[PDB]
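# Summary of structural features
Each chain is listed here by its residues.
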Amino acid sequence: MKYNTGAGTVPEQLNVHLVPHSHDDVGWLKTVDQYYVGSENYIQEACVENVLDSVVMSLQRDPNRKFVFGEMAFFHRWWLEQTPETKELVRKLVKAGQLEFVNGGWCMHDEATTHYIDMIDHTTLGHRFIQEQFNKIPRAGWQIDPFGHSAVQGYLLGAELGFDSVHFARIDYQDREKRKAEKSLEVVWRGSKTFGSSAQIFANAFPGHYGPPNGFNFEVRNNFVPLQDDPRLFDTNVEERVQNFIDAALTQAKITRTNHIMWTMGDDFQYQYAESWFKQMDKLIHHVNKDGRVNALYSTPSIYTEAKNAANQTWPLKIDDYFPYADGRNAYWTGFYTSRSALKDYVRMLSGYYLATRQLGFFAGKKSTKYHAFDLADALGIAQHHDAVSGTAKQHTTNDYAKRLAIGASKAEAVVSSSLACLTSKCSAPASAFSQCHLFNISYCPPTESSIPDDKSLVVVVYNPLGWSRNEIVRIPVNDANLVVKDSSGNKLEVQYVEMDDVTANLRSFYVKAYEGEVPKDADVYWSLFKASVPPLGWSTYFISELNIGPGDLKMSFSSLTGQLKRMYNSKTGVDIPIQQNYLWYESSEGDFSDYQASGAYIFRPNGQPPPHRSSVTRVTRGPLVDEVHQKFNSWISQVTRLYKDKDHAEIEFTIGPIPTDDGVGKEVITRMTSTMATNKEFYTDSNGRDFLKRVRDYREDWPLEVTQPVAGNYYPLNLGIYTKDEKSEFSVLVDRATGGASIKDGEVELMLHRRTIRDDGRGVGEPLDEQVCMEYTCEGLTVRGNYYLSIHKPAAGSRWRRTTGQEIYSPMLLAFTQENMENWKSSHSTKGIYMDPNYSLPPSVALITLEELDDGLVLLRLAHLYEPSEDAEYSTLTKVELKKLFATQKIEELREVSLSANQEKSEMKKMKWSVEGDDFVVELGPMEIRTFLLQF
Amino acid sequence: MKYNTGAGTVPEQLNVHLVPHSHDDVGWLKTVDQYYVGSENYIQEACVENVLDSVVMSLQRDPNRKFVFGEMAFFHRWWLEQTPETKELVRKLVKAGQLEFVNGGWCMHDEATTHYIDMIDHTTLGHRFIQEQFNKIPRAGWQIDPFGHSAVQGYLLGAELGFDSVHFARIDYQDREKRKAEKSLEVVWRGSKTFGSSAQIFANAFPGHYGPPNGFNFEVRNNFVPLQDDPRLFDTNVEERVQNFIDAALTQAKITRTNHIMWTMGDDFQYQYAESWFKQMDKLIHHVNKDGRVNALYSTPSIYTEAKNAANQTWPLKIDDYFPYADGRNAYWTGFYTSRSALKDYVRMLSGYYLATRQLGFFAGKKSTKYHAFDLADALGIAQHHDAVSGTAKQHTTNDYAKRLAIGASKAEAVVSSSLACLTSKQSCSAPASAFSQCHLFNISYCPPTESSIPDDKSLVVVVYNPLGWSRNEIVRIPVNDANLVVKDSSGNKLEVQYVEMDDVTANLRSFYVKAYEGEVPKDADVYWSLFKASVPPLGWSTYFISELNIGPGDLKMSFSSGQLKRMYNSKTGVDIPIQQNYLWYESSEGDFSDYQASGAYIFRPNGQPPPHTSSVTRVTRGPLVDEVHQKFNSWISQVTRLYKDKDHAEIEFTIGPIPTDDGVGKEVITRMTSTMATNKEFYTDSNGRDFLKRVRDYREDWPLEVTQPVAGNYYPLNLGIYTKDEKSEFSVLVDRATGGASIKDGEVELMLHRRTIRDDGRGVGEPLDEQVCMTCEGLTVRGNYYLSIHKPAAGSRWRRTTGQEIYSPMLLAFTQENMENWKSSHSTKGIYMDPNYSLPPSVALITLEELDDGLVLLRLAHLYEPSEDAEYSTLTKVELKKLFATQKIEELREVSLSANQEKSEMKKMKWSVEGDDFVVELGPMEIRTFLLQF
Ligand SMILES: *[C@@H]1O[C@H](CO)[C@@H](O[C@@H]2O[C@H](CO)[C@@H](O[C@@H]3O[C@H](CO[C@H]4O[C@H](CO[C@H]5O[C@H](CO)[C@@H](O)[C@H](O)[C@@H]5O[C@H]5O[C@H](CO)[C@@H](O)[C@H](O)[C@@H]5O)[C@@H](O)[C@H](O[C@H]5O[C@H](CO)[C@@H](O)[C@H](O)[C@@H]5O[C@H]5O[C@H](CO)[C@@H](O)[C@H](O)[C@@H]5O)[C@@H]4O)[C@@H](O)[C@H](O[C@H]4O[C@H](CO)[C@@H](O)[C@H](O)[C@@H]4O[C@H]4O[C@H](CO)[C@@H](O)[C@H](O)[C@@H]4O[C@H]4O[C@H](CO)[C@@H](O)[C@H](O)[C@@H]4O)[C@@H]3O)[C@H](O)[C@H]2NC(C)=O)[C@H](O)[C@H]1NC(C)=O
Ligand SMILES: *[C@@H]1O[C@H](CO)[C@@H](O[C@@H]2O[C@H](CO)[C@@H](O)[C@H](O)[C@H]2NC(C)=O)[C@H](O)[C@H]1NC(C)=O
Ligand SMILES: [Zn+2]
Ligand SMILES: [Zn+2]
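### Concerning the overall build of chain A
For chain A, the count of helices and strands is 18 helices and 47 strands. Its C-alpha atoms give chain A a radius of gyration of 29 Å, near enough to 30 Å, the size a compact globule of 937 residues would have. Summarising its shape, the C-alpha atoms of chain A cover approximately 95 × 65 × 60 Å along the three principal directions.

Structure follows, in structure tokens:
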């Protein structure tokens, strides 16, 4: 028989847009490559190679069929294995619109724990491949699975990508009930207070899930009811299946606006045998349309969106974001804002390093390796997946993520070392030219711990990947107490020696072996500190050879008894608050009689009894470069509070772990900073590191909140920081990794820093969050170390500290080490230098977030304005960058402004119109703008 | 990557022949149509449409890939749904050898409980379709799942089909161990004592199962190890999988002759997503061959056999058959020789009816409907499947089989009625199906056309059609309510009649079963049976008009006590044996301390207790047409022993059921005939109704039997009968349906007639054999006949063959009520389609006569006798086709292969080295000859 599969939409009927899809997690229960090749099916039945193999075969059979695919990490692995004939067929299918890419990033990223730079990076990696191979520009965002949604997702990784729509299944369960009653599941979303309706997007929250209606999952070997329409066979059932379809459509139509609804015909790793789905949908389209009561068609989320836009219809407005997400009264998905803190820091650390690596590679003329096997672009792109950096994957998968990142990091280190060798010489240089250290956090740096030969110095090359001037304390572990530090002009520098401590020494013994395989040499005896001063986008070289604290304007007071913070004050600016800082933990709920929901990798459900709260100072240190207060809170919680020279903030280094759980009680550890500030239930948290959103305790803008979790319901994901304010003071906290934050009482701010549960939370990963480090065999709970940064300012002056320090935290100095005689080094190498015009800086409002060599001589460049319109009187203004002065040693031959993911000419982007309820080479940038360019030299 | 998938065989290496396949049962746990469309997957995950869909897609991708498909019932359903473009692609794939048909019958038939006529019929149905669509002749037989194997399967449904080989997984578990040790899994099999090496076949018993080696099942969503050969991905494992492959190959090579082994790369309903399998096989062929230690290739069973034949090798000989089959110590698969007796009888009845239907349709010029939806050809072909007539399907599937047969039977009944109305009319086709009425529930006394009153001036007209090519006299026995009826022949003479009174057992059956079968309660049980002797020419009709203690009317006499049988003797021939007949039942094992195995639909495992025992005469009847003894053995077992006029045998009618199981004891019911004949552990049973094979109690020719089941291991499948003999007597028993039979003690013969168990036997059907009828449910009751006689040595074979054919092909009765003189005025009361006075020789049966498409007529003649059997009839003979078709003129005649897909003269045979080595149709013993005719 011939089936009428070419149906389109019809004006006077309900139209059911059938959208075939396969939700393909880039790692979760299995690793990425296991998901691809289909191995380890006893863990989960899933093979992406089958999905792409069989979808292509099924699309070829009938030109009216469609399918949407998203995750280029999988698509690219598949593409490279395909014959020239299959590639030709795919080009034909894509050109005809049978295979449409939605999202099109390397992965479907989490929106809570990801930084906007990494979001842009992997989205560009996928989009460039799609543009190059198929001359296609994705128009529909696909966020069907991520656990809540960010403002930046709507306007920046939505509107500004050129997407007309974004689609997602998960919103708060109370919000969903209201949105069904209001028919407000579909909205026009304006995620930027700054850009408003100029960066808006059609946002489609599905009624329930991203699967088909009940009885319309057609995966091979499932117990579905086939449509039997052959009269030569027993038990035809055409009428029954058509009525099944109509019934489900009419139910959806009652909670949806216009005469178009969308069915997401697919689920996790479905379409292993695509024809099993396409057979039934062929028959349903045919027989439903013969019946004619409703209308069915093969469709895509962009065809659906075009239909919704063409309807004469006015749409509800959405502002701000969809955080936090809860799918039940005791199930707030705010635990994963912190889950796997060590992986989250690893991602953030490598993201900064990768930004500097790409700068240096460009300046040194190194060629792109973005699509080579195991490149850092692949590993960091994968790491953005909504089970990866979010921390909601199985342990073995998580280990695989870190293995991939380590491989990419090792390749980046060689690029950085070889580029610095060419660039400082007065590119072919071997990676052996410089050594580098990434284990300063546990005091492990062989290049600086090693004895310096006679008539030689330790050469320290310091590279600054910011477009700003920067001074900064260099802090290296050494074994000689009588070292002299000279700058490049021969001046001896003021140094400070800091003694090794026992907490770090025990970390060093355990973790160096865990990471490298064997025990290191003795815990070095000192840290040597000195202040480096480095040009923007450039380097300097240094030669090394044989109760109250605060060396600058900011001061802290501590109890001499329970050595806890009591006060912060700035002498020069005259801000002064009594403030206490302590460590607590919530006990993880394991459920009860009325609700068995446990706390786990996704969900934070505390017991509801007050968080368990004998600290002592074990050291006070004073010196010209740092004042430090070592605090011991218990045997597994220790902290060093550091006030460094010329730093307008305190650096609070935490060390948490092993979290003891032999007592059978999960523990989720917070730092809490308590003041008497009249914060009036308000607190501010960032969106993917950009806009700050005003959060209000126990309040929701879009629905009348029923309070069920007075703590977990007030946690928000941080990637830059959290701040509060009253009439007199602004209290700001910046993080060094994705972190959950909240204000549970007025004047009080807390960060959740580490979590270990005994139970799984029943959302599919099947594992308690029980991170352990092992060795014969000596296993213990994981220990995390990091910094948070706190400061005080007068109203309207904290903004510039948050933006400036946030960028310095993101992009620290890079240190490169070698041992050579100073005289001979100076005679063969430039010791100070700049790739920009000498004496040029980017404006303090701007950051160079992308500088990267692509194929040919194409260079990708992105500049971001860091401030929102009312943040800083001086910096929240129009500014300019002189690209000629950015690129002093070269001459720009062509400049082309492009879309954020660089797959469109900027001037050719067009926007849909919506009716919404309630309605020289100098680059200018206004607040929050990001501009993207392709250059030729 | 490009994979090197085009490998052939290489001479100096072990060759692994990868044969992709999907074992698709034509009904079993789901119905045929559920298996096809993929519904009810909660019962079993299985969709044949996906198999053919995805296999065609995978073969199209790479011309070196191959796949073999068997069951045309499924292929034909799929074919009718395909587009022109898909049909052309299949034609290309078949023409290229990528898709090869193995077996090619409508199904893969059971070999135990099937009749050779039905095996030929469904096989011709599939082979004609394959030949017509693709111009292909299958060369490899495919019996991978049937539960043991028959002699007729080897020589007739193998060699005589033109197959060079036949392949199967199941043989006896003791026999398999010896064959592994002797490397005699593969043999040259000569299943015919008569034809020997002239009808031989290469028989390949697989090492264990028809699946892949462990770790080489690649079905979508299974937990196999994919071969990961991309170095851009983690965890490449090429070397490991190549070694996995080599290891499995070496193990099989240790028990196989030559440098060629075969992997059956598939299983039940596999290849739902074919590419999952072909991806792995592509990679294995490529990397195994790059490795070079062994050689792998896409192959088929016929390519494999060709390599076995080209090898320098002598092969062990196989004679006779592979029955019975056991897969373990207490697991003889001999229960299904009886299981579902009522379905087995239904199949056998409809087979004989369908033979007569095709005769009459040809004579009346009716058009062929063989490939029409729900035709009897489809229903009877499906019924031969190795879970269908064998009785080993689920109950719901079993009901579906019977539903389909009933649809086909209704269609054939209309063909028979319309055809007879045209053919008996004086001016001879337009006649309506309403012209005649017909009755198929005589067994429960239900025949409205004869029970109803006859109007005045009218007679009950009885047309009697005889589908045998022999003259036949037989007793017509119809249920009537009038005691003063007269029966006149066509000349007007009154015939001798005998009235038999209704009995309570049959009346109790009638009320229940008519309502069950027809949906409505019938009128009062009829008061009498009217009996008269009819005499009909061969392939012709006669017309009759109806209006207003020692027994035996003939030579054969039987003695009973005043109620058990005690003696049979024939005064005229001089045979005389004391013989007792009784009913017993084995108690079904439910497992014991040594072995959990239970008796079930497949496996007969009796309890180890001796069979419990049952008795009184309820009626003795004497008359000129029949003497009868009615016997009640218990409340659920009764019998009528009947000695009819001019019948050289007694006809024993059994009625068994409901078998009571509320006591928790399953029961397997036998009739046992006990004599003092010195049978010396020997007894003879037929092969699919044809050759008789000599069975020896507790003895196996091919291996030294370790006796573990002294009863179940001696059961054999019957489709014609069982007999014994000594120096003085020959004792013969003929069945009316597939039945299990045995001789457990010398001079003793038993039939298993009905079985009801409380447990399943753990071979996959998941159901106790617990048949019930409902409206109110009770265990199923079966009624039927077995036939016994006694003869001098060397003259019982004549009775076996003659009576066997008469049982298979009884008269057809057609009724109408009209005035006798009026009927004779517009109808011929006598007729014959052959020449007047022409008869087929007594040794020959017309087993096929049917109109095909266009003017094409298919004819088959069988010589019924083996060389040893009858001095007069085991001889060369001839049929004159000009006299066979008196009414017509032969324009064209071609002799063809048995399944009519090859010209006979063009068939070629492989040569093997075997250890130990006018239109007149002549027929030698056991020959079957097949012709295509045009008129
Ligand atoms: C003696 O001899 C004989 C010979 O002759 C033998 O044998 C027998 O025979 C007979 C005849 O004669 C037969 O009968 C037949 O049968 C068939 C079959 O049956 C079976 O099956 C069925 C079906 O089944 C199915 O279905 C159901 C429902 O659903 C179920 O249940 C089952 O299970 C199955 O299922 C499956 O399949 C399906 C598909 O197919 C699917 O769907 C599903 O899912 C699954 O899978 C059934 O039903 C039945 O049952 C019944 O019966 C029984 C007994 O047998 C009982 O037990 C039961 O209970 C029942 O009964 C009840 O019910 C009913 C009904 O309601 C009532 O009536 C009663 O009363 C009671 O209550 C069985 O099981 C059949 O088919 C047939 O039938 C037919 O025919 C009649 C007359 O003849 C009538 O009545 C009916 O109705 C029918 O009709 C139809 O068809 C025809 C043709 O055939 C035509 O013509 C007509 O027209 C009609 O049609 C049309 O219409 C319809 C209506 O509806 C429709 O359907 C359509 O569409 C068309 O259009 C008959 O019955 C028998 O079988 C035999 N047997 C054996 C065992 O085989 C004997 O045996 C002897 N006896 C001594 C020896 O004793
Ligand atoms: C099969 O193999 C046998 C074993 O070698 C071959 O027989 C040998 O071949 C020649 C005779 O043709 C002589 O050199 C040997 O005396 C033979 N030996 C035996 C034991 O026969 C045989 O030629 C091969 N081919 C065939 C068709 O038999
Ligand atoms: Zn997901
Ligand atoms: Zn089978």
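### Structural notes on the interface of chain A and chain B
The interface is formed by 45 residues belonging to chain A together with 45 residues belonging to chain B. In this assembly, chain A packs against chain B so that about 4400 Å² is buried in total across both faces, 53% of it on carbon and sulfur atoms. The largest share of the area that chain A buries against chain B comes from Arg 221, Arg 232 and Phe 234 of chain A, three residues that together contribute 21% of it. There are six salt bridges connecting chain A and chain B.

### Describing the sheet that holds strand β34 (residues 739-742) of chain A
Residue and element names in this part refer to chain A. Pairing is antiparallel across the open sheet formed by eight strands, whose spatial order is β20-β21-β22-β23-β28-β35-β34-β31. Here the strands that pair on one side only, and so sit at the sheet edges, are β20 (548-549) and β31 (716-718). Two strands pair when backbone bridges link them, and strand β28 (residues 667-675) and strand β35 (residues 748-756) are joined in this way by eight bridges, in the antiparallel orientation. Note on β35: the bridge partner recorded for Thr 674 is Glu 748.

### With respect to the packing of helix α2 (residues 48-61) of chain B against helix α4 (residues 84-95) of chain B
Residues and elements named next belong to chain B. Where α2 contacts α4, the axes come no closer than 11 Å and their chain directions differ by 60 degrees. The orientation of α2 with respect to α4, classified from their angle, is oblique. Relative to α4, α2 is oriented so that their crossing is left-handed. For the pair α2 and α4, contact is made by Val 56, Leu 59 and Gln 60 and by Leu 89, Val 90 and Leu 93, respectively. Here the contact of α2 with α4 is built from residues that sort into five nonpolar, one polar and no charged.

### Let's talk about the coordination of the zinc ion (ligand 4)
Residue and element names in this part refer to chain B. Protein coordination of the zinc ion (ligand 4) is provided by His 23 (NE2), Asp 25 (OD), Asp 145 (OD) and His 386 (NE2), with donor distances spanning 2.0 to 2.1 Å. Each of the four donor atoms bound to the zinc ion (ligand 4) contributes to angles spanning 88 to 155 degrees, and the resulting shape is irregular. Positions of the donor residues of the zinc ion (ligand 4), expressed as sequence spacing, correspond to H-x1-D-x119-D-x240-H. With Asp 25 in the loop between β1 (15-20) and α1 (32-37) and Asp 145 in the loop between β4 (140-142) and α6 (151-155), this pair connects stretches of sequence that are 120 residues apart. For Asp 25, a relative accessible area of 1% translates into the label buried.

### A word on α4 of chain B
Along an α-helix, a turn takes 3.6 residues, which lines up residues three or four apart on a common side. Residues and elements named next belong to chain B. End to end, α4 covers 16 Å across 12 residues, agreeing with the expected 16 Å (1.5 Å per residue, within 8%). Tucked into the core, α4 has its buried residues touching α2, α3 (72-79), β3 (99-101) and α5 (116-134). Among the residues trailing α4, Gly 97 stands out with phi positive, at a value near 80 degrees.

### Digging into the state of the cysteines
Two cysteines form a disulfide when their sulfur atoms are joined by a covalent bond. For the structure shown, the criterion picks out six disulfides over all chains. Disulfide pairing places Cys 437 of chain A opposite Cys 445 of chain A at an S-S distance of 2.1 Å. Because the torsion about its S-S bond is 85 degrees, the bridge between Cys 437 of chain A and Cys 445 of chain A counts as right-handed. Residue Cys 437 of chain A shares its accessibility class with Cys 445 of chain A, and that shared class is buried. Here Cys 439 of chain B connects covalently by a disulfide to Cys 447 of chain B, the sulfurs 2.1 Å from one another. Here the S-S torsion is close to 80 degrees, and the disulfide linking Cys 439 of chain B with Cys 447 of chain B is therefore right-handed. Using a relative accessible area of 9% as the deciding quantity, one classes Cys 439 of chain B as buried.

### So, the domain arrangement of chain B
Residues and elements named next belong to chain B. Taken domain by domain, chain B comprises domain 1 (15-337), domain 2 (551-808) and domain 3 (844-934). For domain 1 versus domain 2, the distance between C-alpha centres works out to 37 Å. Contacts between domain 1 and domain 2 engage 40 residues on the former and 36 residues on the latter. At the boundary of domain 1 with domain 2, total buried surface from both sides reaches about 3400 Å², with 51% on carbon and sulfur atoms.

### Points about empty space enclosed by the protein
Residue and element names in this part refer to chain A. Estimated volume of the largest cavity: approximately 1400 Å³. Together, 39 residues line the largest cavity, and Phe 440, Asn 787, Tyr 789, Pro 812 and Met 813 are the ones closest to its centre. Those elements that provide at least two residues to the lining of the largest cavity are α11 (341-363), β15 (470-478), β26 (637-644), β27 (650-656), β38 (784-793), α16 (798-810) and β39 (814-820). Partitioning the lining of the largest cavity into residue classes produces 15 nonpolar, 10 polar and 14 charged.

### Some points on the coordination of the zinc ion (ligand 3)
Ideal coordination angles are 109.5 degrees for a metal with four donors arranged tetrahedrally and 90 or 180 degrees for a metal with six donors arranged octahedrally. Residues and elements named next belong to chain A. Around the zinc ion (ligand 3), the protein contributes the donor atoms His 23 (NE2), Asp 25 (OD), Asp 145 (OD) and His 386 (NE2), at 2.0 to 2.1 Å from the metal centre. Taken together, the four donor atoms coordinating the zinc ion (ligand 3) span angles of 91 to 156 degrees at the metal, a pattern that classifies the geometry as irregular. Here the donor residues of the zinc ion (ligand 3) share one chain and are spaced in sequence as H-x1-D-x119-D-x240-H. Of the two residues, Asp 145 is situated in the loop between β4 (140-142) and α6 (151-155) and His 386 in the loop between α12 (376-383) and α13 (395-424); the sequence distance between them amounts to 241 residues.

### What about α3 of chain B?
Here α3 of chain B lies mainly inside the structure; eight of its eight residues are buried. Turning to α3 of chain B, its buried residues are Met 72, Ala 73, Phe 74, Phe 75, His 76, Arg 77, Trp 78 and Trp 79 of chain B.

### Some words on the pattern of salt bridges
Pairs may arise between side chains of opposite charge once their charged atoms sit close together. A full pass over the atoms with the stated rule returns 122 salt bridges over all chains. Put simply, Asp 702 of chain B and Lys 318 of chain B hold a salt bridge, and the shortest N to O gap is 2.7 Å. Of the residues examined, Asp 702 of chain B reaches a relative accessible area of 26% and is grouped as partly exposed. Each member of the salt-bridge network shares a partner with another, and the members are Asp 33, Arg 77, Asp 378, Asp 400 and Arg 404 of chain A.

### Remarks on the sheet that holds strand β43 (residues 844-851) of chain B
Residue and element names in this part refer to chain B. Pairing is antiparallel across the open sheet formed by four strands, whose spatial order is β43-β44-β49-β46. In this open sheet, the two strands that pair with only one neighbour each are β43 and β46 (892-896). Adjacent strand axes in the sheet meet at a mean angle of 20 degrees, parallel and antiparallel pairs treated alike.

### Side note on the site of ligand 1
Taken together, 29 residues form the shell around ligand 1, and within it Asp 235 of chain A together with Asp 400, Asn 443, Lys 515 and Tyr 517 of chain B come nearest. Looking at the residues close to ligand 1, they fall on chains A and B. In the model, an oxygen atom of ligand 1 is placed 2.4 Å from a nitrogen or oxygen of the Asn 443 of chain B side chain. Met 775 of chain B places a polar main-chain atom, nitrogen or oxygen, 3.2 Å from an oxygen atom of ligand 1. Only α11 (341-364), α13 (395-423), α15 (504-518) and β38 (772-773) of chain B provide two or more residues apiece to the shell around ligand 1. The element contributing the most residues to the shell around ligand 1 is α13 of chain B, with eight residues. Taken together, the residues that form the shell around ligand 1 break down as 13 nonpolar, 10 polar and six charged.

How each quantity is defined
Per the conventions used, each chain is numbered from 1 along its written sequence, independently of whether this matches the entry, and residues without coordinates are not displayed. All chains are assigned letters beginning at A, and all ligands numbers beginning at 1, according to the order in which they are written. Calculated side-chain values reflect all of the structure's heavy atoms, with hydrogen atoms and water omitted. Residues with missing side-chain atoms are left out of burial classes, side-chain pairs and their counts. Here a helix means four or more residues in a row that DSSP labels H or I, a strand means two or more in a row labelled E, and each is numbered from the N terminus. Radius of gyration here is computed from C-alpha atoms only, and the compact-globule reference equals 2.2 Å multiplied by the residue count raised to the power 0.38. By definition in these notes, contact holds between two residues if any of their heavy atoms fall within 4.5 Å. Buried area: the accessible surface (1.4 Å probe) lost by two parts on joining, summed over both. When a carboxyl oxygen of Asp or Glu is within 4 Å of a side-chain nitrogen of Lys or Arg, the pair counts as a salt bridge. At least two bridges found by DSSP between two strands are what make those strands a pair. Fitted lines through C-alpha atoms serve as axes, helices being fitted only where they are in contact, and the angles separating the N-to-C directions of these axes extend from 0 to 180 degrees. Under this scheme an angle from 65 to 115 degrees is roughly perpendicular, one under 35 degrees roughly parallel, and one over 145 degrees roughly antiparallel; angles in between are oblique. Left-handed describes a crossing in which the near helix is turned anticlockwise from the far one by less than a right angle; the clockwise case is right-handed. Residues are grouped as follows: nonpolar covers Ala, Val, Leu, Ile, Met, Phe, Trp, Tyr, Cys and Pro; charged covers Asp, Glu, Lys and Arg; every other residue, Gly included, is treated as polar. For Na, K and Ca the donor cutoff is 3.2 Å, while for all other metals N, O and S atoms count as donors only within 2.8 Å; water does not appear among the atoms, so some sites may look incomplete. The rule is simple: four donors are tetrahedral if all their angles sit between 85 and 135 degrees, four are square planar and six octahedral if opposite donors span more than 155 degrees and the others lie between 65 and 115, and anything that fits none of that is irregular. Note on exposure labels: buried denotes an accessible area under 20% of the residue type's maximum, exposed denotes more than 50%, and partly exposed covers the range between, all computed with a 1.4 Å probe on protein chains only. Working rule for helices: expected span equals 1.5 Å times residues minus one. Disulfides are defined in this document as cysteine sulfur pairs within 2.5 Å. An automatic or database domain assignment is the source of the domain bounds shown. Buriedness of a pocket was judged along seven lines, with at least five required to meet protein on both sides within 12 Å; pockets are open sets of points on a 1 Å grid over the protein atoms alone, cavities are sets where a 1.4 Å probe fits but cannot get out, and lining residues have an atom within 4 Å of a point. Grid points are joined across faces, edges and corners, and a volume is the space filled by probe spheres set on the points. Nearness here has a simple test: a residue counts as near a molecule or strand if at least one of its heavy atoms is within 4 Å of that partner. Throughout this description, a polar contact denotes any pair of N or O atoms lying within 3.5 Å of each other; where both atoms belong to protein, one of them has to be capable of donating a hydrogen while the other can accept it, and for residues adjacent in sequence the pair is counted only when both atoms sit in side chains.

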